[PDB]
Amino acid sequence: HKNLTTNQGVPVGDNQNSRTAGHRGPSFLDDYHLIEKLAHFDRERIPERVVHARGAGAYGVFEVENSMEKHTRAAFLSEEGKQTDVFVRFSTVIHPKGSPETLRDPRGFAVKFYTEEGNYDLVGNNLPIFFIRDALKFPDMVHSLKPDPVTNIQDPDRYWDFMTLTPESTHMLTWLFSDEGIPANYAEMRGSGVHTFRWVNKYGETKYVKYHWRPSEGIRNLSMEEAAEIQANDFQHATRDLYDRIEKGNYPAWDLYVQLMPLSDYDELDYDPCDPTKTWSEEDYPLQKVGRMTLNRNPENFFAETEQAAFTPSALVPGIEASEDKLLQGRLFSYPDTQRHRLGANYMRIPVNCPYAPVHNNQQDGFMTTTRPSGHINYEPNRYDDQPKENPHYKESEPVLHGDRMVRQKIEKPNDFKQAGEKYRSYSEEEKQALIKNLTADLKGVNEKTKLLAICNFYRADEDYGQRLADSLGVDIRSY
């Protein structure tokens, strides 16, 4: 048995009735419990994520099967059997909190590893490539996909205007308009790091790496009709499914594989291996098993832990570094930036975001300082041997720069269409039909000129691809 109290710790005498002039009169200003309770209620909500606002979280463990020390000094990967706690958030992308999990969208697949050398965040999606290759375009792309700023409803005419004028999107659209554009839930779902990163070993040697997550449950997708039948009765079916699996002891898992590529392989490929519109061949750069992640614990509070969770691709650990990928480069900035706005300056002290490894530094103050700081010395260098100092065992690598000037210029070998064609041809006939069906339903209402440009882009990917789409849309492409 417990008293209900104010936030001052005074037991509440009456949690039913306001204080008033007799039993039916107007209310008094001197009712501290009323005003405190209402004022906190009035302040419960914080801004949702700018994208990926709808999602669900879980905790688990990652266990190493094959140590990776030949290729990376990363501590969490250093020995067979090593277990590292994780927190994971899965999400849709474009619509707000509260929106259905049956809509077409990439899915987010964000993993926070609480390592002995700091937190490492791998901020992936299910699909392994992206629509764009430079972060300067990201607000433009998002604004085109988001609901129209007048009507508040998503408009294909708007995003297809953008995508068509951005032909590097063609590979990604070829994946997203398969039925994999609507994963059945979060458990039966692919994961991908998307970018190339750099792995750096104890000798200072560097390889390029890609990450892949393979579901123990298998990959399963929904047709447009299957999605509509679910949407009719449950607009949070994937959140529900994740929670329910874990509560029942049916823990979903993913095996982590990597591909590894010598830096020197740049020069003989017909694409840029750091162009995030590209995959790497699994025949030429085979998947290598690393370990397995199992999610086995639901959060205790959705707001405190899942809504407030903060991931960033710049949360890198020794042995794992960014590549030169221009899309990645902007993400390094945008995440902690948006998080300072969304969550406050001190968002890294929110429990789910805290490292297991020690934090010592000379930062101070900021809104909601709750950590009980002490000491006179908040600057370095200083004369005190016991105060925190830099440690040169933990320097990052020094990537070679091939460029001689500060430039704004597209990468060489963009190759916008080749891999889209390759993906198209890799589809079964049944898969090709679904792609054409899904594209047609999306394109049939859009501006004719934009519709034609879309057909043209897909035709450059593969002639059959583009001709089938033209036929299905009733567009005659003879004069071209």
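From 1 onward, residues are counted along the sequence shown.
Mean C-alpha B-factor is higher over 211 to 219 than over the other stretch, the pair under comparison being 211 to 219 and 346 to 354. On average the C-alpha atoms of 166 to 174 have higher B-factors than those of the other stretch, with 166 to 174 and 307 to 315 being the two compared.
If you compare the C-alpha temperature factors of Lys449, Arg45, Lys37, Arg54 in the entry, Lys449 comes out highest. Note on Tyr32, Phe28, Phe41, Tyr424: the highest value goes to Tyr424, judged by CA B factor as recorded. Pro147: CA B factor in the lowest third of modelled residues in this chain (values from the PDB entry). Sort the modelled residues of the chain by CA B factor and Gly22 lands in the middle third. For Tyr394, the recorded CA B-factor ranks within the highest third of the chain. Only modelled residues enter the ranking. In the PDB entry, a CA B factor belonging to the middle third of its chain's modelled residues is recorded for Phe62. Sort the modelled residues of the chain by CA B factor and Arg73 lands in the middle third.
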